[PDB]
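Asker: Input: one structure, supplied below.
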Amino acid sequence: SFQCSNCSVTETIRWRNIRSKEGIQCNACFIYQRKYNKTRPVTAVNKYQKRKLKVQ
DNA sequence: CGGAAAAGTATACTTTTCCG
DNA sequence: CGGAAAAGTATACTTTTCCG
Ligand SMILES: [Zn+2]
C-alpha cells in the first residue's frame, strides 16, 4: 500500500500508482480527469446510452 | 419539471512479477 | 517456467445538476 499524490486513502478499491515516479494510488484522479484533461473517450458514452435508450 | 450531457466510482478484463 | 493474485487501466453504467 502507498498513497495518492493528491487524495491519500489507504483503502483504494483499485489502485493506479503505476510504477514510474508519482504515485496516483486512487482511481479518482486518473479516471475523473478524462473530461477534466481532454475530450473524454466516447467509449464510455456508447454504453452510457444504455440509460438514455430506456427513457428520454 | 423533465431530459440530456456531464461526471464519478466501481468493476471487468488484463498484465506483470514472484515463487512453487 | 507457468500459474496465481493484486494492481493497473479504462469503460461501463447509474445518478445529478442544470437549462430548455
Ligand atoms: Zn487521487
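Residue numbers start at 1 in each chain; chains themselves are named A, B, ... in the order of the C-alpha cells; ligands are numbered from 1 in the order shown.
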Return as a list in words the residues of protein, DNA or RNA that approach ligand 1 to within 10 Å, with only C-alpha atoms (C1' of nucleotides) and all ligand atoms taken into account.
Answerer: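 For ligand 1, the residues inside 10 Å are residues 3, 4, 5, 6, 7, 8, 9, 12, 15, 16, 17, 23, 24, 25, 26, 27, 28, 29, 30, 31, 32 and 33 of chain A.
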Asker: Which chain A residues are at most 7 Å from chain C (counting only C-alpha atoms (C1' of nucleotides)), as a VMD selection string?
Answerer: chain A and resid 15 to 16 18 43 to 44 47 to 48
Asker: Put those residues in a file: N, CA and C atoms, as a PDB file, in the first residue's frame.
Answerer:
```pdb
ATOM      1  N   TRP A  15      -6.132   0.492  -7.203  1.00  0.00           N
ATOM      2  CA  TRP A  15      -5.027   1.454  -7.220  1.00  0.00           C
ATOM      3  C   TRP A  15      -4.677   1.947  -8.633  1.00  0.00           C
ATOM      4  N   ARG A  16      -3.635   2.779  -8.727  1.00  0.00           N
ATOM      5  CA  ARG A  16      -3.205   3.352 -10.005  1.00  0.00           C
ATOM      6  C   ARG A  16      -1.801   3.971  -9.881  1.00  0.00           C
ATOM      7  N   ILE A  18       1.031   3.045 -10.600  1.00  0.00           N
ATOM      8  CA  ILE A  18       1.782   2.869 -11.854  1.00  0.00           C
ATOM      9  C   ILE A  18       3.283   3.157 -11.690  1.00  0.00           C
ATOM     10  N   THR A  43     -16.076   5.986 -25.781  1.00  0.00           N
ATOM     11  CA  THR A  43     -16.342   4.589 -25.486  1.00  0.00           C
ATOM     12  C   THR A  43     -17.334   4.461 -24.329  1.00  0.00           C
ATOM     13  N   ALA A  44     -17.051   5.126 -23.202  1.00  0.00           N
ATOM     14  CA  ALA A  44     -17.946   5.093 -22.046  1.00  0.00           C
ATOM     15  C   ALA A  44     -19.323   5.660 -22.369  1.00  0.00           C
ATOM     16  N   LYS A  47     -21.906   3.085 -24.216  1.00  0.00           N
ATOM     17  CA  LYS A  47     -22.669   2.251 -23.303  1.00  0.00           C
ATOM     18  C   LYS A  47     -23.547   3.110 -22.400  1.00  0.00           C
ATOM     19  N   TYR A  48     -23.150   4.371 -22.205  1.00  0.00           N
ATOM     20  CA  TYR A  48     -23.927   5.315 -21.394  1.00  0.00           C
ATOM     21  C   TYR A  48     -25.370   5.322 -21.887  1.00  0.00           C
TER      22      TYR A  48
END
```
Asker: Which distance in Å separates atom CA of residue 2 of chain A and atom CA of residue 19 of chain A, to one decimal?
Answerer: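 Calculated distance between atom CA of residue 2 of chain A and atom CA of residue 19 of chain A is 11.2 Å.
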